[PDB]
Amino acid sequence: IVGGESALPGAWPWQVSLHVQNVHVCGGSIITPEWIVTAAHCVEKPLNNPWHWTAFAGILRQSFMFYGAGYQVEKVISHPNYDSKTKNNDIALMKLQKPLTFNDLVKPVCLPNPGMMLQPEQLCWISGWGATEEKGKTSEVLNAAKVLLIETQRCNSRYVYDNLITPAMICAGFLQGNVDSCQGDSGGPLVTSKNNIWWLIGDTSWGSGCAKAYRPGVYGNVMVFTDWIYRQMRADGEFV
């Protein structure tokens, strides 16, 4: 996260660190004790196999993510219509071998419902262990920052992103920059508070650079993916 601040314990209890080869790769969001919402580009080949992956929940610092604290990933499902070239439908699901135990440190975020009636510039939060500067290293501490939604029509302006924002995408941040997600934050949450409930309206997908003016963050539109998410959990629920 660029321009944010370090997160407190329990501030983002759904935030999860996803690891390959003892190294943080991407973020994720807990929605059930077994299921994690992350980005499809994080699980492209060869990392589409679930045995590469380990999830760390309730731990703020990467150095504190010791061997034995992580949860092995049982299943990785990419969105069937994911396009690597356009990052369209950039969403994937991870199921854990062992369900998480929920407490004040580890809690799920609510999947968005239809009819949220969010404001066009709704105030949102992003979090993750991404770089705090463009081309920087993975951050040791979990960070978070406030961003505003940006209407897709404004975001698709020729001066911002020039018709690259699909209906499966939402923009958030500031057109002046200085506050944005970055490398390593991808797959992480874009949440908003409404009716005293935190809703997952987006998963970190892509952007041009980090915190650059007129290049805000682009996030997967979790509302569009809601039907697909429910089907996958249910399909796994009936067993396979």
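C-alpha atoms forming the largest set that superposes within 1.5 Å between two forms make up the rigid core. Numbers for residues come from their place in the sequence shown, where the first is 1.
- Averaged as a root mean square over residues and superposed structures in 7 other deposited structures of this protein, CA distances to the shown form are larger in 59-67; the pair compared was 188-196 and 59-67 with a core fit.
- Core superposition of the other structures onto this form places the C-alphas of 68-76 farther off in 7 other deposited structures of this protein than those of the other stretch among 68-76 and 145-153.
- Comparing 155-163 with 124-132, the stretch with the higher mean C-alpha B-factor in the PDB entry is 155-163.
- When the mean C-alpha temperature factors of 208-216 and 180-188 are read from the deposited coordinates, 208-216 comes out higher.
- The residue among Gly202, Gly28, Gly173, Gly68 whose C-alpha atom has the highest B-factor in the PDB entry is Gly68.
- Per the deposited record, the Cα B-factor of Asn22 falls in the middle third when ranked against the other modelled residues of its chain.
- In the deposited entry, the Cα temperature factor of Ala92 sits in the bottom third of values across the chain's modelled residues.
- Ranked against the other modelled residues of its chain, the C-alpha B-factor of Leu47 as given in the entry falls in the highest third.
- In the deposited entry, the Cα temperature factor of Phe64 sits in the middle third of values across the chain's modelled residues.
- For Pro99, the recorded CA B-factor ranks within the highest third of the chain. Only modelled residues enter the ranking.
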